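Engineer: upload30.csv is reproduced in full below (CSV, C-alpha atoms).
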```csv
chain,number,residue,atom,x,y,z
A,1,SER,CA,0.0,0.0,0.0
A,2,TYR,CA,2.7,2.6,1.2
A,3,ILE,CA,5.8,1.4,-0.8
A,4,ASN,CA,4.7,1.4,-4.5
A,5,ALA,CA,6.9,0.1,-7.3
A,6,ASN,CA,8.3,3.6,-8.1
A,7,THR,CA,9.6,4.1,-4.4
A,8,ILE,CA,11.3,0.6,-4.7
A,9,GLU,CA,12.9,1.5,-8.1
A,10,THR,CA,14.2,5.0,-6.7
A,11,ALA,CA,15.4,3.4,-3.4
A,12,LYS,CA,17.4,0.8,-5.4
A,13,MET,CA,18.8,3.7,-7.6
A,14,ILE,CA,19.9,5.7,-4.5
A,15,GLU,CA,21.2,2.5,-2.8
A,16,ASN,CA,23.7,2.0,-5.8
A,17,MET,CA,24.8,5.8,-5.6
A,18,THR,CA,26.4,5.4,-2.0
A,19,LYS,CA,30.3,5.1,-1.6
A,20,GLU,CA,30.2,1.4,-0.6
A,21,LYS,CA,28.2,0.2,-3.7
A,22,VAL,CA,30.3,2.4,-6.2
A,23,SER,CA,33.2,4.9,-5.8
A,24,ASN,CA,35.9,6.7,-8.0
A,25,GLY,CA,33.7,7.9,-10.9
A,26,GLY,CA,31.3,10.7,-12.2
A,27,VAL,CA,27.9,10.7,-10.4
A,28,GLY,CA,24.9,12.7,-11.8
A,29,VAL,CA,21.3,12.8,-10.4
A,30,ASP,CA,18.5,14.6,-12.4
A,31,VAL,CA,14.8,14.6,-11.5
A,32,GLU,CA,12.1,16.0,-13.9
A,33,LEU,CA,8.4,16.7,-13.0
A,34,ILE,CA,6.5,14.9,-15.9
A,35,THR,CA,4.1,17.9,-16.0
A,36,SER,CA,7.1,20.0,-17.4
A,37,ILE,CA,7.3,17.8,-20.6
A,38,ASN,CA,5.0,19.0,-23.4
A,39,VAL,CA,4.7,16.1,-26.0
A,40,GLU,CA,2.4,18.3,-28.3
A,41,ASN,CA,5.3,20.8,-28.5
A,42,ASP,CA,7.1,18.9,-31.5
A,43,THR,CA,9.9,21.6,-31.6
A,44,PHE,CA,11.2,20.5,-28.1
A,45,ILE,CA,10.8,16.7,-28.8
A,46,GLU,CA,12.6,16.9,-32.3
A,47,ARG,CA,15.4,19.2,-31.0
A,48,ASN,CA,16.4,17.3,-27.7
A,49,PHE,CA,15.5,13.6,-28.6
A,50,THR,CA,16.6,11.1,-31.3
A,51,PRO,CA,13.9,9.6,-33.6
A,52,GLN,CA,14.5,6.1,-31.9
A,53,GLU,CA,13.8,7.6,-28.4
A,54,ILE,CA,10.6,9.4,-29.7
A,55,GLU,CA,9.4,6.0,-31.4
A,56,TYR,CA,10.0,4.1,-28.0
A,57,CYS,CA,8.4,6.9,-25.8
A,58,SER,CA,5.2,7.3,-28.1
A,59,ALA,CA,4.6,3.4,-27.9
A,60,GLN,CA,4.6,3.5,-24.0
A,61,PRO,CA,1.3,3.5,-21.9
A,62,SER,CA,2.2,7.0,-20.3
A,63,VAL,CA,3.9,8.9,-23.2
A,64,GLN,CA,4.7,12.0,-21.0
A,65,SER,CA,6.2,9.8,-18.2
A,66,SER,CA,8.6,8.1,-20.7
A,67,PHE,CA,9.8,11.5,-22.3
A,68,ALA,CA,10.3,12.8,-18.7
A,69,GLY,CA,12.4,9.6,-17.8
A,70,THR,CA,14.5,9.9,-21.1
A,71,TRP,CA,15.0,13.7,-20.5
A,72,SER,CA,16.1,13.0,-16.8
A,73,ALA,CA,18.5,10.3,-18.1
A,74,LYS,CA,20.1,12.7,-20.7
A,75,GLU,CA,20.5,15.5,-17.9
A,76,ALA,CA,22.0,12.9,-15.4
A,77,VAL,CA,24.5,11.6,-18.1
A,78,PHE,CA,25.5,15.3,-19.0
A,79,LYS,CA,26.0,16.0,-15.2
A,80,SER,CA,28.1,12.7,-14.9
A,81,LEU,CA,30.4,13.9,-17.9
A,82,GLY,CA,30.9,17.3,-16.0
A,83,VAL,CA,32.0,19.3,-19.1
A,84,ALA,CA,21.1,20.6,-27.2
A,85,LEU,CA,20.9,17.1,-25.4
A,86,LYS,CA,20.3,15.1,-28.7
A,87,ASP,CA,24.1,14.2,-28.7
A,88,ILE,CA,23.3,11.8,-25.6
A,89,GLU,CA,21.0,8.9,-26.9
A,90,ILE,CA,19.3,6.6,-24.3
A,91,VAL,CA,18.3,3.2,-26.0
A,92,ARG,CA,15.6,1.9,-23.5
A,93,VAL,CA,14.2,-1.7,-24.0
A,94,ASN,CA,11.0,-3.2,-22.3
A,95,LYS,CA,11.8,-4.8,-18.9
A,96,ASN,CA,15.6,-4.0,-19.5
A,97,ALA,CA,18.2,-1.4,-18.3
A,98,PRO,CA,18.6,1.7,-20.6
A,99,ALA,CA,22.0,2.0,-22.5
A,100,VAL,CA,23.8,5.3,-23.1
A,101,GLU,CA,25.4,6.3,-26.5
A,102,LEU,CA,27.4,9.5,-27.2
A,103,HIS,CA,27.5,10.7,-30.9
A,104,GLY,CA,28.4,14.4,-31.4
A,105,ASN,CA,30.2,16.8,-28.9
A,106,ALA,CA,29.4,14.5,-25.9
A,107,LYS,CA,31.5,11.7,-27.5
A,108,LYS,CA,34.5,14.1,-27.7
A,109,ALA,CA,33.8,15.4,-24.1
A,110,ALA,CA,33.7,11.8,-22.7
A,111,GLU,CA,37.2,11.1,-24.3
A,112,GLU,CA,38.5,14.5,-22.9
A,113,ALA,CA,37.8,13.4,-19.2
A,114,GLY,CA,38.8,9.7,-20.0
A,115,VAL,CA,35.2,8.4,-19.5
A,116,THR,CA,34.9,5.0,-21.3
A,117,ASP,CA,31.6,3.4,-19.9
A,118,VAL,CA,28.5,5.4,-18.8
A,119,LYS,CA,25.5,3.5,-17.2
A,120,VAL,CA,22.1,5.1,-16.3
A,121,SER,CA,19.1,4.0,-14.1
A,122,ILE,CA,15.5,5.5,-14.6
A,123,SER,CA,12.4,5.5,-12.3
A,124,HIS,CA,9.3,7.4,-13.6
A,125,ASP,CA,5.7,7.6,-12.3
A,126,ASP,CA,2.6,9.9,-12.5
A,127,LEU,CA,4.6,12.8,-10.7
A,128,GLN,CA,8.4,12.7,-11.3
A,129,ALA,CA,11.1,10.9,-13.4
A,130,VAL,CA,14.4,10.4,-11.4
A,131,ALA,CA,17.6,9.3,-13.3
A,132,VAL,CA,21.0,8.4,-11.8
A,133,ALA,CA,24.0,8.3,-14.3
A,134,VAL,CA,27.3,6.7,-13.0
A,135,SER,CA,30.3,7.3,-15.4
A,136,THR,CA,33.3,4.9,-14.9
A,137,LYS,CA,36.8,6.3,-16.1
```
For this file, write the structure as structure tokens.
Structural biologist:
Amino acid sequence: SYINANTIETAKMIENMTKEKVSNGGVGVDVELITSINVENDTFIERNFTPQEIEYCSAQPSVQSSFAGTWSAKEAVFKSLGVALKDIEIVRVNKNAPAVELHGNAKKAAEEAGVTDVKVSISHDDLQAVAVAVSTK
């Protein structure tokens, strides 16, 4: 009743952020209120998201909660790098962890700080999308 599946997901994400679970790497946490995302504003979605991310998000039950989750994941990954968000691509699969790819200036910026691997976790509900990006050097 009290501990919904969103609070489990976010408590597991913040459990893997502590120094004991992982240390010596770039850590970025971004939250996004889903109400901030406007899916009808096609200029924001085309600018800041890849066509594959838009195709994935549009096929989800809650479209706005998926775009808020992907937007939070891009902003978490950009904070983890520590250096337009279309450069960072998040390939999310059903009942699977999302994977991070860097294409344009983010791919250069990751090589500048000697960042090889970047993982991301996402938890999104009817209020907020929280994303935690851990970048190993």
Engineer: If you count all atoms listed in the file, which residues fall within 10 Å of region 89-94 of chain A, apart from same-chain ones fewer than 4 positions away, as a VMD selection string?
Structural biologist: chain A and resid 48 to 53 56 to 57 60 66 69 to 71 73 to 74 77 85 98 to 103 119 to 120 122
Engineer: To one decimal place in Å, what is the distance between CA of residue 23 (chain A) and CA of residue 137 (chain A)?
Structural biologist: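 About the pair CA of residue 23 (chain A) and CA of residue 137 (chain A): they are 11.0 Å apart.
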Engineer: Contacts of residue 124 (chain A) at 9 Å or less, counting only C-alpha atoms, minus same-chain residues fewer than 3 places along, as a PDB file with C-alpha atoms, in the frame of the given file?
Structural biologist:
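As a result, part-v3.pdb now contains:
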```
ATOM      1  CA  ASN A   6       8.300   3.600  -8.100  1.00  0.00           C
ATOM      2  CA  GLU A   9      12.900   1.500  -8.100  1.00  0.00           C
ATOM      3  CA  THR A  10      14.200   5.000  -6.700  1.00  0.00           C
ATOM      4  CA  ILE A  34       6.500  14.900 -15.900  1.00  0.00           C
ATOM      5  CA  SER A  65       6.200   9.800 -18.200  1.00  0.00           C
ATOM      6  CA  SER A  66       8.600   8.100 -20.700  1.00  0.00           C
ATOM      7  CA  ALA A  68      10.300  12.800 -18.700  1.00  0.00           C
ATOM      8  CA  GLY A  69      12.400   9.600 -17.800  1.00  0.00           C
ATOM      9  CA  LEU A 127       4.600  12.800 -10.700  1.00  0.00           C
ATOM     10  CA  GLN A 128       8.400  12.700 -11.300  1.00  0.00           C
ATOM     11  CA  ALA A 129      11.100  10.900 -13.400  1.00  0.00           C
ATOM     12  CA  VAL A 130      14.400  10.400 -11.400  1.00  0.00           C
ATOM     13  CA  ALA A 131      17.600   9.300 -13.300  1.00  0.00           C
TER      14      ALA A 131
END
```
Engineer: For residue 72 (chain A), which residue among A:14, A:31, A:84, A:113 is the nearest when counting all atoms listed in the file?
Structural biologist: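 Result for the nearest residue to residue 72 (chain A): A:31.
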Engineer: Applying 8 Å and all atoms listed in the file, which residues near residue 28 (chain A) remain after dropping the ones on its own chain fewer than 6 positions away? List them as a ChimeraX atom specification.
Structural biologist: /A:76-80,132-134
Engineer: To one decimal place, how far is CA of residue 110 (chain A) from CA of residue 27 (chain A) in Å?
Structural biologist: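 One can read the CA of residue 110 (chain A) to CA of residue 27 (chain A) distance as 13.6 Å.
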Engineer: At what distance in Å, to one decimal, does CA of residue 126 (chain A) lie from CA of residue 62 (chain A)?
Structural biologist: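 Separating CA of residue 62 (chain A) from CA of residue 126 (chain A) is a distance of 8.3 Å.
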Engineer: Restricting the calculation to only C-alpha atoms, which member of A:83, A:5, A:22, A:33 is positioned closest to residue 109 (chain A)?
Structural biologist: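 Answer, going by the shortest atom-to-atom distance: A:83.
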Engineer: Between A:59, A:96, A:3, A:86, which one has atoms that come closest to residue 47 (chain A), using all atoms listed in the file?
Structural biologist: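 Looking only at the distances to residue 47 (chain A), the closest residue turns out to be A:86.
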Engineer: Rank nothing, just name the residue among A:97, A:136, A:44, A:38 nearest to residue 114 (chain A), using all atoms listed in the file.
Structural biologist: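 Between A:97, A:136, A:44, A:38, the residue approaching residue 114 (chain A) most closely is A:136.
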